[PDB]
There are 2 protein chains.
Amino acid sequence: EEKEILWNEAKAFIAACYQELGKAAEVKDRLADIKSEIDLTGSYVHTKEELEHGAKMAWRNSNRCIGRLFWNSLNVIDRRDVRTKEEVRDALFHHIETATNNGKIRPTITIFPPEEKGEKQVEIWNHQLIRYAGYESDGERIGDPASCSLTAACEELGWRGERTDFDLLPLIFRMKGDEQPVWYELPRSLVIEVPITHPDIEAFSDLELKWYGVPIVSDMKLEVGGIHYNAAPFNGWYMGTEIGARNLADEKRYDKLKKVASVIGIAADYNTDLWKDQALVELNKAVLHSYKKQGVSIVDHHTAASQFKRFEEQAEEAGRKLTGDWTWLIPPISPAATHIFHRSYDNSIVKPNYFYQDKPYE
Amino acid sequence: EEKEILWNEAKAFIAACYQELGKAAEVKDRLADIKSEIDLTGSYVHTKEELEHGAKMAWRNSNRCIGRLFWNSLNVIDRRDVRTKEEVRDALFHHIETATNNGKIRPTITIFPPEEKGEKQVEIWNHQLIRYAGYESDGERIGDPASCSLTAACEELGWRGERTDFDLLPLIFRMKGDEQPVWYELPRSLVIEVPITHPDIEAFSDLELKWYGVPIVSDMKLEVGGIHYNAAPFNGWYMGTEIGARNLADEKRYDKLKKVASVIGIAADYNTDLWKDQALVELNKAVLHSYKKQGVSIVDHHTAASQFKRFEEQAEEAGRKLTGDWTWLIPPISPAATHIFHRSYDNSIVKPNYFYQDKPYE
Ligand code: HEM
Ligand code: HEM
Ligand SMILES: CNCc1cccc(OCc2ccc3ccc(N)nc3c2)c1
Ligand SMILES: CNCc1cccc(OCc2ccc3ccc(N)nc3c2)c1
Ligand SMILES: C[C@H](O)[C@H](O)[C@H]1CNc2nc(N)[nH]c(=O)c2N1
Ligand SMILES: C[C@H](O)[C@H](O)[C@H]1CNc2nc(N)[nH]c(=O)c2N1
Ligand SMILES: [Cl-]
Ligand SMILES: [Cl-]
């Protein structure tokens with residue numbers, strides 16, 4: 001019966017997509033072919049053009065994303081042809097290499113074969129292709145706590161971390177028909193890392209903080225015209241606050257504020273001193289300074305908000321409703337200094353889009 | 001017909017109120033009397049006990065308020081007896097004096113006669129009893145822009161501001177049957193002001209910033225058991241960010257960030273320098289430091305969030321649903337460093353409560 005759901009989502013997408021591509025006349029025939037294909041086969045296949053535009057539309061419709069101004073320049077890599085775990089591995093490696101681009105990050109998505117009967121062809125376990133492991137035995141806390149469950153799942157499969165605070169997790173994914181996923185260590189030559197130093201405070205390096213260059217989100221499902229691409233990792237470049245105000249600052253993450261306060265030479269004893277706030281700002285300055293110094297792309301939250309304002313304006317000129325999630329759009333540092341804070345946003349879900357899916361570990 | 005709306009709201013309130021007061025048995029008879037009073041007169045009158053508890057419940061139910069831990073210690077001044085503008089004026093003066101308490105601020109509400117037929121007995125035009133005027137003629141911007149419309153309305157009525165950046169607006173309110181409101185200049189002896197200095201940076205005083213001690217919100221309607229108290233000004237003490245991150249920082253308010261950056265000696269040229277963020281933190285440190293130094297009550301956003309966590313815990317122990325507006329509960333400075341940021345809140349409206357009402361100017 002599900003052909004009905006597939007059919008409607010397809011009608012809606014193909015009409016919108018071809019309309020945007022200036023190919024409004026080619027719809028009826030393309031729709032005919034699709035209608036025919038669904039009946040005969042239960043599914044349908046996107047042309048490279050449709051798939052590329054769909055991934056772009058999905059980014060455009062991501063309510064929680066401040067970086068959407070650049071939706072139309074997304075680099076879409078079509079890998080629906082992969083059949084083996086060696087090919088999947090090599091596609092993931094290539095994505096890291098091409099997206100990184102020696103530091104001048106290209107927003108990229110690699111698209112693997114979609115679900116057929118709801119059955120996945122490829123199931124990626126990583127939350128991001130590049131991320132640090134996390135450990136928690138008796139009392140001892142090492143690495144990134146957000147990574148504890150995946151780290152434990154990897155160690156079940158024969159991987160073993162060095163237990164530094166910045167162990168790179170291996171790529172881990174499962175192929176249809178395989179009962180267990182496989183894992184592959186990342187070639188360190190592929191992964192750019194940035195040591196965190198401060199522009200003015202030389203002691204900042206005593207913290208020995210670092211972070212990876214490219215956030216490549218690998219556990220969300222891309223949905224385009226009723227077709228479910230559960231494996232489709234994508235990346236942009238970082239907004240500094242993600243690293244400096246969350247990954248490094250959150251108590252349930254690296255929890256570094258008290259250490260930052262020490263090296264910048266302020267007391268961490270009184271709330272009224274705003275020592276957490278001062279620490280957040282210096283930490284966030286350091287992160288932007290370091291990435292810039294190393295020639296790795298990054299955006300600050302003010303510039304990012306200015307760009308998003310241009311996205312709003314562009315949406316309006318094009319006659320498209322704007323949707324957004326205010327609670328995710330505001331940055332976690334000085335939100336009221338951005339225009340985002342002072343307006344509201346319609347949080348409706350429009351497709352094509354990216355969605356959460358259940359973790360196979362946990 | 002409206003007696004029906006009044007009756008239900010009354011049943012709901014009296015049951016909840018007396019239940020909380022340990023007087024659950026006295027409900028049936030109190031309800032009987034009320035039912036009788038509504039039929040005979042169209043309305044009913046709160047006992048001092050009911051009114052006091054209702055105002056407290058209203059504060060408890062204010063989704064946007066982070067300061068709710070202290071709901072039960074609200075100082076309720078019952079002024080339903082006032083009939084003249086001299087009495088209203090003197091009640092407003094007294095509120096300022098008693099709430100201020102030489103700097104050790106008492107959360108206070110003064111309650112004036114409620115609406116009868118929807119007809120107001122007293123209509124207060126001030127947004128806060130103490131606030132600064134704002135002006136905008138050709139090019140020239142003086143004072144608080146948020147006050148422009150009320151300032152213009154006052155100047156229509158014969159008041160004239162000195163046009164400093166911190167002119168105190170007069171009290172302005174209208175009595176039933178009067179066509180125009182009256183206005184009275186505030187005795188400067190009643191109004192505590194705090195010069196903003198910085199703990200470490202002596203040049204900060206060159207900005208000549210100041211703010212008033214007590215925010216007394218005077219344009220919201222208190223609703224208790226179907227009874228509409230449109231005139232019921234209330235106050236707490238300030239959370240520093242309200243002054244330092246909004247009143248003084250917002251571009252549409254005093255817009256001081258660029259001037260702050262100059263006196264603290266950092267460039268205001270590059271977004272990646274996070275100069276706005278650094279300025280916000282120093283400005284906010286200054287505000288807390290100044291209030292504390294002068295012996296005027298104030299809370300920082302971290303301590304305030306810790307208190308609100310205790311409010312959540314207390315709500316749970318008492319078996320009361322918690323409601324809140326995340327978008328107003330998070331502070332505008334380092335929101336992710338508070339627990340509030342990392343949870344969600346049911347934004348349902350529960351009565352008794354405080355509500356917006358239309359401005360008579362504008
Ligand atoms: C080009 C630079 C980009 C920047 C600076 C950027 C910035 C951000 C930020 C800061 C968030 C919030 C993340 C969080 O708070 O955890 C976000 C969310 C998101 N971004 Fe972007 N982004 C960029 C590119 C992209 C691209 C290329 C895509 C997909 C094609 C994308 C899709 C999303 C999605 C789906 C979310 C929400 C994820 C969720 O619900 O957890 N973004 N973005
Ligand atoms: C005791 C110290 C108090 C503190 C520190 C405090 C803190 C705050 C803050 C920071 C806000 C947000 C204001 C904004 O962003 O514009 C707020 C909102 C509010 N507070 Fe409180 N508050 C306190 C006492 C009170 C009292 C005594 C009442 C009433 C009896 C009250 C009722 C409210 C209401 C109704 C709002 C929302 C106003 C609106 O929707 O615009 N608060 N509070
Ligand atoms: C673990 N946090 C929840 C969760 C679950 C799944 C995906 C996700 O992604 C957040 C996200 C997604 C895309 C991004 C693109 C660029 C960027 N700089 N950050 C980005 C951050 C976040
Ligand atoms: C002009 N801003 C919108 C608007 C309209 C009407 C009332 C209001 O009040 C905000 C408010 C209310 C009560 C408060 C109590 C204590 C406090 N420190 N701030 C407080 C701030 C805000
Ligand atoms: C309506 C819009 O979301 C707007 O930014 C609101 C919400 N957030 C806020 N939060 C606070 N503390 N104060 C405000 O005035 C506002 N304004
Ligand atoms: C669900 C809850 O409101 C929680 O704080 C959310 C919303 N705000 C957020 N905003 C960002 N940027 N990132 C997050 O992970 C979250 N978490
Ligand atoms: Cl991240
Ligand atoms: Cl205020």
Side-chain angles (χ1 to χ4, degrees), chain A residues 58-59 62-68 70-71 74 99 105 107-109 124 126-132 134 144-150 211-222 232-250 252-254 287 291 296-301 304 324-332 335-347 354-359 362, chain B residues 63-67 146 238-239 241-243 245-247 249-250 252-253 301 304 324-333 335 340 342 347 356:
Chain A
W59 182 9
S62 301
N63 291 0
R64 295 172 165 181
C65 182
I66 194 172
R68 290 184 272 161
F70 305 112
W71 67 271
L74 180 69
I105 295 169
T108 302
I109 180 177
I124 302 180
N126 309 82
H127 162 65
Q128 294 176 26
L129 296 190
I130 309 173
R131 235 196 177 191
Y132 299 130
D144 190 340
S147 284
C148 280
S149 47
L150 179 55
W211 203 258
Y212 50 91
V214 194
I216 311 170
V217 173
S218 55
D219 64 9
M220 298 180 79
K221 169 176 296 196
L222 164 68
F234 57 85
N235 68 280
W237 50 76
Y238 266 117
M239 190 162 73
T241 52
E242 294 177 85
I243 298 167
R246 304 299 313 281
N247 301 348
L248 294 173
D250 277 9
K252 286 162 115 69
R253 302 294 299 287
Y254 283 79
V287 159
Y291 273 69
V296 184
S297 299
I298 192 165
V299 67
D300 64 90
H301 50 292
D325 192 330
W326 187 96
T327 76
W328 282 63
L329 291 170
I330 60 157
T338 69
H339 80 285
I340 299 171
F341 183 91
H342 304 268
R343 61 158 292 178
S344 60
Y345 295 91
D346 172 21
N347 193 32
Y354 299 96
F355 297 93
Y356 290 167
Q357 32 186 1
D358 295 349
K359 293 169 181 177
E362 295 185 7
Chain B
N63 291 0
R64 295 172 165 181
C65 182
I66 194 172
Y238 266 117
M239 190 162 73
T241 52
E242 294 177 85
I243 298 167
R246 304 299 313 281
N247 301 348
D250 277 9
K252 286 162 115 69
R253 302 294 299 287
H301 50 292
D325 192 330
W326 187 96
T327 76
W328 282 63
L329 291 170
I330 60 157
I333 288 306
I340 299 171
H342 304 268
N347 193 32
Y356 290 167

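In the text below, chain A, chain B and the rest are named by the order of the sequence lines, each starting its count at 1. Indexing begins at 1, ligand by ligand and atom by atom, following the structure's order.
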Can you tell me how far [atom2] of [Y] sits from [atom1] of [X], rounded to the nearest 0.5 angstrom?
| X | Y | atom1 | atom2 | result |
| --- | --- | --- | --- | --- |
| A/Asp219 | A/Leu150 | CG | CG | 9.5 Å |
| A/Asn126 | A/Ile216 | CG | CD1 | 10.0 Å |
| B/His301 | B/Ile330 | NE2 | CD1 | 11.0 Å |
| A/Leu129 | A/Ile124 | CG | CD1 | 6.5 Å |

Quick test: of every protein heavy atom, which one is nearest to [atom], and how far off is it to 0.1 Å?
| atom | answer |
| --- | --- |
| atom 4 (C) of ligand 3 | A/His127 CE1, 3.7 Å |
| atom 13 (N) of ligand 5 | B/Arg246 NH1, 3.2 Å |
| atom 7 (C) of ligand 5 | B/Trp328 NE1, 3.5 Å |
| atom 3 (C) of ligand 3 | A/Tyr356 OH, 4.3 Å |
| atom 12 (C) of ligand 3 | A/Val217 CG2, 3.4 Å |
| atom 1 (C) of ligand 5 | A/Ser344 CB, 4.7 Å |
| atom 15 (C) of ligand 3 | A/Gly236 N, 4.2 Å |

Could you check whether any side-chain heavy atom of [X] comes within less than 4.5 Å of a side-chain heavy atom of [Y], counting everything from C-beta outward?
| X | Y | result |
| --- | --- | --- |
| A/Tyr291 | A/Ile243 | yes |
| A/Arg253 | A/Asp144 | yes |
| A/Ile298 | A/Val287 | yes |

Atom 6 (C) of ligand 3: of A/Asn235, A/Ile216, A/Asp219, the nearest heavy atom sits on A/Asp219
Could you name the option among A/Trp328, A/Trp237, A/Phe234 that has the heavy atom nearest to atom 18 (N) of ligand 3?
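The nearest heavy atom belongs to A/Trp237.
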Show me which atoms of ligand 5 lie under 4.0 Å from any heavy atom of B/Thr327.
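It comes down to these atoms of ligand 5: 8 (N), 9 (C), 10 (N).
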Under 4.0 Å to a heavy atom of A/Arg343 - the qualifying atoms of ligand 5, by number
2 (C), 3 (O)
Tell me whether ligand 5 is touched by B/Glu242 - counting only heavy atoms on the residue side and a distance under 4.0 Å.
no
Non-hydrogen atoms of B/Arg64 versus ligand 5: any pair closer than 4.0 Å?
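It does not, in that no heavy atom of B/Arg64 comes within the 4.0 Å cut-off of ligand 5.
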Would A/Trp211 and A/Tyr238 count as having a side-chain donor-acceptor pair, cut-off 3.5 Å?
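Side-chain D/A pair, A/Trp211 to A/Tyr238: present.
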For A/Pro107 and A/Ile105, the nearest pair of non-hydrogen atoms, with its separation, is CD-O, 3.6 Å
Looking at A/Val214 and A/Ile130, what are the two nearest heavy atoms and their distance?
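It is O-CD1, 4.1 Å.
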When you look for heavy atoms under 4.0 Å from ligand 5, do you find them on the side chain of A/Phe341, its backbone, both, or neither?
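Both backbone and side chain.
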So the atoms of ligand 3 within less than 4.0 Å of a heavy atom of A/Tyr238 turn out to be 18 (N)
Here the atoms of ligand 3 under 4.0 Å from any heavy atom belonging to A/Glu242 are 17 (C), 18 (N), 19 (N), 20 (C), 21 (C)
